[PDB]
């Protein structure tokens, strides 16, 4: 620590605050958080983690960083220079806009507050407030694993239960002991590292009195508006986009001055509403309106002009997403427009795809939106849904989803130990293990749990690891537009029309679906309607499947797995044997093996017209041990149902399900060959390998030694034909570098 | 680089499609010997190998962090010398480990 800067800073604070800037101190003491200031200072002194619960416009975010900082400035101990405050924000626009506002609240005195986000950042010295995103701090933990270079950590907006804020809180259990005076499992002294959890009034007890509470916070502070009337679609007259525009126009004429805050779903409808209010009796109001878009990817949130109240004669209208619900606070709002709609990300655990869907808003969110109009004056909240839709559609997940995406993602924020990560309701540790075993099967992790180079590519991809791998295989195997559409969709004679578009000898269901899309893009004009009628197709789903294809390409290029043509990212006889290997690379370890004489074309007897081959098959798999040697059959929706005369004996599936007559069925399948599989099962633990075995084997040295290798699979594991392999015996082991 | 080519050529030259049991008779008789906990039937096989086979066999022992095969094989030799038969050979099976 440095003593001469301390007493200089101590003197300069008192000189400025007492006799140069007591006009925004008057504004700061009007915020409810100031009334509890001294109590917050004593609470952090006596208790090393505390929780501040506070509703919309309490001032928790702006004031609490300043108070602890100002307390250290006015004191000999804690001195100024040991004061390094880090404040976690969930969204980039909140981190910038809070930092800029706090800078204005501290004047031109010097660098006291800044922000730090991905690609737009400054460092800081000792004596400094820093507003940063959650995923900045998680990356910093790779070099400061136990948070040595910060003296107080403020976790704001923890109620939203973002994956990063839940992760940081579980990490804090591990970290708080070894910085904060736990010496070999015993508590010996007052914890040096101080923590503040900040939250809205949404499940305060998850962070103040629940089962998983003990690392979150023991003392709780509840820090407290003018009346905001609630209107619903019954008392309003607005059914859609250009109707939401009609509403902005209505409260311009009546409903005396004050800003309009328009909550919308996301960027696409922000764009349409901003156009409807700028290129419009419409143009009657254009020039009298200042219309501002607000979103996490737009620059407006970091600009002083949004928090600024409008020029004289002009009405401020703010077209915003859920960013204005808790993260960004604009004080001039009096009219809130709530669409009731927003976007959320759902991970479907059995399908491996992340979707970004248009949901309905929560009951809690709608009430939080009402509280954004009550800050300056009495206000009104225009909810664009029926009062019935409040009861039924509106909600008041971590224990009901497959967890592989999250376990892989946590390792990019440096949270290696998944079991040691606490959440308000913890998952089963069986679920955590099953997801690690799935990641190990794909080779996303090694069999000691550490992140692989492929697992790092998979964690930077914005979709589930199985299908992020499927895309990465389509890079190598030159079939990108076809595979990106498939992966996009799962993240978000009629018989002879079907067998013509299957394309024999290619029996791949996944290749078939592309061949249908290639046929769809070949039916222009009115042929589109009669094609979808002829082939029993869903035009609208084909359009969505094509829309998802573009997305997959946009995401993979942005993760640096594909080239770009003039900046642009574009998804566009076929190698049917290559495609089956790539399909296998995503469906591994779910393999099934058909067995003679009962499964094959022996069973071609007699049933006339609809011939039925009778299929004797079990599953072969090591990463699903409980389905190993289990008897299975094709589902009747699958095309492999009742078929004979196949070229290989091996197939892979996504989903296997037991239904009527206790026939365990494979829902969807693809014919694969053993040589395609071999490499797929070479990722790690699932593949079973044996010692070398006549044919001589030449060994260059201790490591370098080539010989025929008998690889096994898998519980039940089948054997396989020997593969001339180059095995560089590293760490006293004959691991296969490449199949010769 | 030229020296890698001869090994590649020999492998290419022999492409027999014949399938030979994944687990050899030796390791399988070691495995049943360890599970049984009596190797008396194991050591009767080690007498009847050729000297050409034995160097190919004891070099072909699965050695890993857990060390299961090596500890199985030492417990064959200790159970051999308790019987006092074939005192010449079992010590040479012992010495051939250390090379």
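Considering only residues of segment B:50-60 that are in a helix (DSSP H, G or I) and within 17 Å of residue A:694 (Cα to Cα), which is farthest from the other protein chains (Cβ to nearest Cβ)?
Across segment B:50-60, the extreme among qualifying residues is B:54.
Say whether the condition of being in a loop (DSSP other than H, G, I, E, B), crowded, with 19+ Cβ neighbours inside 10 Å and touching a strand residue (DSSP E or B) at 6+ places or on another chain (Cβ under 8 Å) is met by at least one residue in segment A:333-345. Full working, then the answer.
Kept after step one, since they are in a loop (DSSP other than H, G, I, E, B), are these residues of segment A:333-345: A:339-340.
Then drop every residue that is not crowded, with 19+ Cβ neighbours inside 10 Å, which leaves A:339-340.
Restricting the remaining residues to those that are touching a strand residue (DSSP E or B) at 6+ places or on another chain (Cβ under 8 Å) gives A:339-340.
Taking every residue of segment A:333-345 in turn, at least one turns out to be in a loop (DSSP other than H, G, I, E, B), crowded, with 19+ Cβ neighbours inside 10 Å and touching a strand residue (DSSP E or B) at 6+ places or on another chain (Cβ under 8 Å).
How about segment A:451-481: which of its residues are over 26 Å from residue A:516 (Cβ atoms), over 18 Å from the mean Cα position of the chain (by Cα) and in a helix (DSSP H, G or I)?
Of everything in segment A:451-481, those that are over 26 Å from residue A:516 (Cβ atoms), over 18 Å from the mean Cα position of the chain (by Cα) and in a helix (DSSP H, G or I) turn out to be A:453, A:454.
Please go through segment A:385-433 and give me each residue that is surrounded by fewer than 18 Cβ atoms within 10 Å (Cβ to Cβ) and under 30 Å from residue A:239 (Cα atoms), ordered by number.
Result: A:386, A:387, A:388, A:389, A:390, A:391, A:392, A:393, A:394, A:395, A:396.
Out of all the residues in segment A:610-637, which are touching a helix residue (DSSP H, G or I) at 6+ places or on another chain (Cβ under 6 Å), part of a loop (DSSP other than H, G, I, E, B) and surrounded by 20 or more Cβ atoms within 10 Å (Cβ to Cβ)?
A:613, A:623
Tell me the helices (runs of 4 or more DSSP H) entirely within segment B:1-49 that contain at least 2 residues that are more than 14 Å from chain A (Cβ to nearest Cβ) and surrounded by 10 or more Cβ atoms within 10 Å (Cβ to Cβ).
B:25-36, B:40-47
Step by step: first the residues of segment B:75-91, then only those that are exposed (fewer than 13 other Cβ atoms within 10 Å of the Cβ) and in a helix (DSSP H, G or I), then the one that is nearest to the other protein chains (Cβ to nearest Cβ). Which residue is that?
Filtering first and then ranking leaves B:78.
How about segment B:61-74: which of its residues are assigned to a loop (DSSP other than H, G, I, E, B) and within 12 Å of the chain's Cα centre (by Cα)? It would help to see each step written out before you state the result.
So in segment B:61-74, the residues assigned to a loop (DSSP other than H, G, I, E, B) come out as B:61-68.
Once the filter is applied, which keeps residues that are assigned to a loop (DSSP other than H, G, I, E, B) and within 12 Å of the chain's Cα centre (by Cα), segment B:61-74 yields B:61, B:62, B:63.
Is there a residue in segment A:8-22 that is outside any helix (DSSP H, G or I), more than 30 Å from residue A:370 (Cβ to Cβ) and under 33 Å from the mean Cα position of the chain (by Cα)? Working first, answer last.
Our first condition is that a residue be outside any helix (DSSP H, G or I); within segment A:8-22, this holds for A:20-22.
When the remaining residues are screened for being more than 30 Å from residue A:370 (Cβ to Cβ), the result is A:20-22.
Okay, now just the ones that are also under 33 Å from the mean Cα position of the chain (by Cα), so none.
Within segment A:8-22, none of the residues are outside any helix (DSSP H, G or I), more than 30 Å from residue A:370 (Cβ to Cβ) and under 33 Å from the mean Cα position of the chain (by Cα).
Among the residues of segment A:710-727, is any within 33 Å of the chain's Cα centre (by Cα), assigned to a strand (DSSP E or B), crowded, with 18+ Cβ neighbours inside 10 Å and more than 9 Å from every other protein chain (Cβ to nearest Cβ)?
Here is the first cut: in segment A:710-727, the ones within 33 Å of the chain's Cα centre (by Cα) are A:714.
Next, only the ones that are assigned to a strand (DSSP E or B) stay: none.
No, there is no match, as no residue in segment A:710-727 is within 33 Å of the chain's Cα centre (by Cα), assigned to a strand (DSSP E or B), crowded, with 18+ Cβ neighbours inside 10 Å and more than 9 Å from every other protein chain (Cβ to nearest Cβ).
Collect the residues in segment A:568-609 that are within 30 Å of residue A:436 (Cβ to Cβ) and not in a strand (DSSP E or B), keeping them in residue-number order.
A:579, A:580, A:581, A:582, A:583, A:584, A:585, A:586, A:587, A:588, A:589, A:590
Taking residue A:276 as meeting all but one of (1) surrounded by 18 or more Cβ atoms within 10 Å (Cβ to Cβ); (2) under 20 Å from residue A:379 (Cβ atoms), write down the number of the exception.
Looking at each condition in turn, residue A:276 falls short on (2).
When only residues in segment A:728-740 that are outside any strand (DSSP E or B) and within 11 Å of chain B (Cβ to nearest Cβ) count, which is surrounded by the most Cβ atoms within 10 Å (Cβ to Cβ)?
So the residue we want is A:734.
Cβ sites come from the backbone with ideal geometry, for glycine too, and all protein chains shown count toward neighbours. Taken together, the values in this text are just the output of simple stated rules run on the coordinates, not laboratory data.
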